[PDB]
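Cβ: placed from backbone, ideal geometry, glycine included. Neighbour counts: every protein chain shown. Only the coordinates and a few stated rules stand behind these numbers; no lab work does.
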Amino acid sequence: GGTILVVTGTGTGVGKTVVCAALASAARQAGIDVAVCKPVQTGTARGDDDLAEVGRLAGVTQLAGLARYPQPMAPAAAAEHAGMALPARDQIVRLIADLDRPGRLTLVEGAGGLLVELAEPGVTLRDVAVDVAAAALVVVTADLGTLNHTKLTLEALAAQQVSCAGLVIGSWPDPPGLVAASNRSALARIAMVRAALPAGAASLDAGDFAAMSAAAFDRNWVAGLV
Amino acid sequence: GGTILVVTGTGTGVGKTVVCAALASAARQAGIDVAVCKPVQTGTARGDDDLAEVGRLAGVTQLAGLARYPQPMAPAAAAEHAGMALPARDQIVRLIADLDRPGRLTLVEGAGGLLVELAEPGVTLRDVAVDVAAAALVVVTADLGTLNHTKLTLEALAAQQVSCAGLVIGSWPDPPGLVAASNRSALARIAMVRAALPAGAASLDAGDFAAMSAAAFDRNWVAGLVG
Ligand SMILES: COc1ccccc1C(=O)[C@@H]1CCC[C@H]1C(C(=O)O)C(=O)O
Ligand SMILES: COc1ccccc1C(=O)[C@@H]1CCC[C@H]1C(C(=O)O)C(=O)O
């Protein structure tokens, strides 16, 4: 086996996908082979496609997914509106296990937050992280309310003995602002802050995004992941 | 004592204050003595004052505060920015204990979400709820992301054996879109939804607000809150 990380977020729209891309880009530039699994993708009718974004921004080609739902809703909700079930727990765990190989960083991107139902019946990304012995990287905001949401997510991880690999602020504003500066310091008291991605980074071309990502993370930490 | 309910939320801006006012108004109209307590208030320099809004919307005069900090931030940062300290645990507990009495419903309004630090060191509303044997009413939104936030908050309450008194949707759109309708159904499968306050409730006058409040909750639930 290699290294499996689940990438979750404290909520929706926190920048999980740009963080997957930035970490993928950083890790490739560190010579690591990277796969990204997005088992469940919703919001396709309006053009959401997180794997494609990871492809454009970081050049990853091992991009695996199982299901795509048009409605911009939580999977269970999108799957009910569509009249079709979610994938099986079995499918998700085994797709991830087959992606994973020595020398490879495999990132598993949830949909929304940690306790959204990903597979039938009621199985979450937390359940999947247990099954594949993955640690969890938590994407957070620097905005008002982030400390509570982060602490809640970390408690939920520890309740099932899922290790936390750190936090990433998905969007760092410019200029920061009083709240954002305060929250960054407080977040670092609760866990390791691996990066804070400049606001607007998702609009970069691949070259600029690759330079941003290399500077965003600690090179030694990245190298140590595998 | 009487009944103590802490009123928390899945985050900030979910409508805890209007929910406190609405439940207070419904209980008063059922003949229940109501006090509302806000042990930590931030944002006072921008005019934030939840107790005064409760009084204005619901007519409550039994209102009790404790700590007030100027900046509209989490209490620890707001207190640091003002060169002040957070209250001690027993200052919060004594405030609640002094209000509590038989026949009375005492609502304790949190600051932000459940695990926000209210007192040194790392004391949260969840700890306070344990100390005063209160159940927790959880205020939620109907928007994308509420299910995860609600489940995280209920799991945290259960981790300390704090009973969940149910959910209240702080702002309910009319008409409800597909997403809000779907989230309300999912929310009700997680826990009892005690009310869904109409959007804009905070702008109703006293009589409209009182009428909205009486219709918002099951009267048998409200009446049963206090023996
Ligand atoms: C399933 O998770 C959710 C939970 C609650 C609310 C919304 C969602 C979403 O799916 C959003 C909506 C479409 C895009 C998705 C987005 C992404 O593609 O990154 C995300 O994961 O938040
Ligand atoms: C202090 O706790 C917090 C922690 C994190 C984020 C926000 C808050 C707030 O308190 C907000 C900020 C000002 C108004 C407050 C509001 C209310 O007065 O109703 C609330 O309590 O959420």
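By DSSP, what percent of the beta bridges with both residues in chain A are antiparallel, rounded to the nearest 5?
The antiparallel fraction comes to roughly 5 percent.
What are the ³J(HN,Hα) values, in whole Hz, obtained from phi via the Karplus relation 6.51 cos²θ - 1.76 cosθ + 1.60 with θ = phi - 60°, for each residue of region B:98-107 in sequence order, with x given for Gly and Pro?
5, 6, 5, 6, x, x, 10, 9, 10, 9
With the cut-off at 27 Å, report for the protein assembly as shown the share of all Cα pairs above it, as a whole percent.
Here the tail beyond 27 Å accounts for 55 percent of pairs.
Report the normalised scattering of region A:16-56 as log10 I(q)/I(0) at q = 0.29 Å⁻¹, calculated by the Debye formula with identical scatterers on the alpha carbons.
-1.04
Could you tell me which of B:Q62, B:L178, A:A88 has its Cα farthest along the dipole of the protein assembly as shown towards the positive end, charges placed at Cβ (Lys, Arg +1; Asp, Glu -1), taken about the Cα centre?
Looking along the dipole axis, the top candidate is A:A88.
Treat every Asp and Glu Cβ in chain B as -1 and every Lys and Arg Cβ as +1, leave all other atoms uncharged, and give the resulting dipole magnitude about the Cα centre to the nearest 20 debye.
On the way: 16 positive and 20 negative charges, 80 e Å.
It works out to roughly 380 debye.
On a C-alpha basis, how far is the centre of region A:117-136 from the centre of region A:33-90 in Å? Whole number, if you could?
15 Å
Is the shape of region B:43-108 rounded, prolate or oblate, going by the alpha carbon gyration tensor and its root eigenvalues a ≥ b ≥ c, with a/c under 1.5 for rounded and a/b larger than b/c for prolate?
On the way: a/c = 3.64, a/b = 1.40, b/c = 2.59.
Verdict is oblate for region B:43-108.
Nearest 5 is fine: what % of DSSP beta bridges in the protein assembly as shown come out antiparallel, could you say?
5 percent
Does chain B classify as rounded, prolate or oblate by the C-alpha gyration tensor (a ≥ b ≥ c root eigenvalues; a/c under 1.5 gives rounded; else a/b over b/c gives prolate, otherwise oblate)?
Taking the square roots of the gyration eigenvalues as a ≥ b ≥ c, chain B is rounded.
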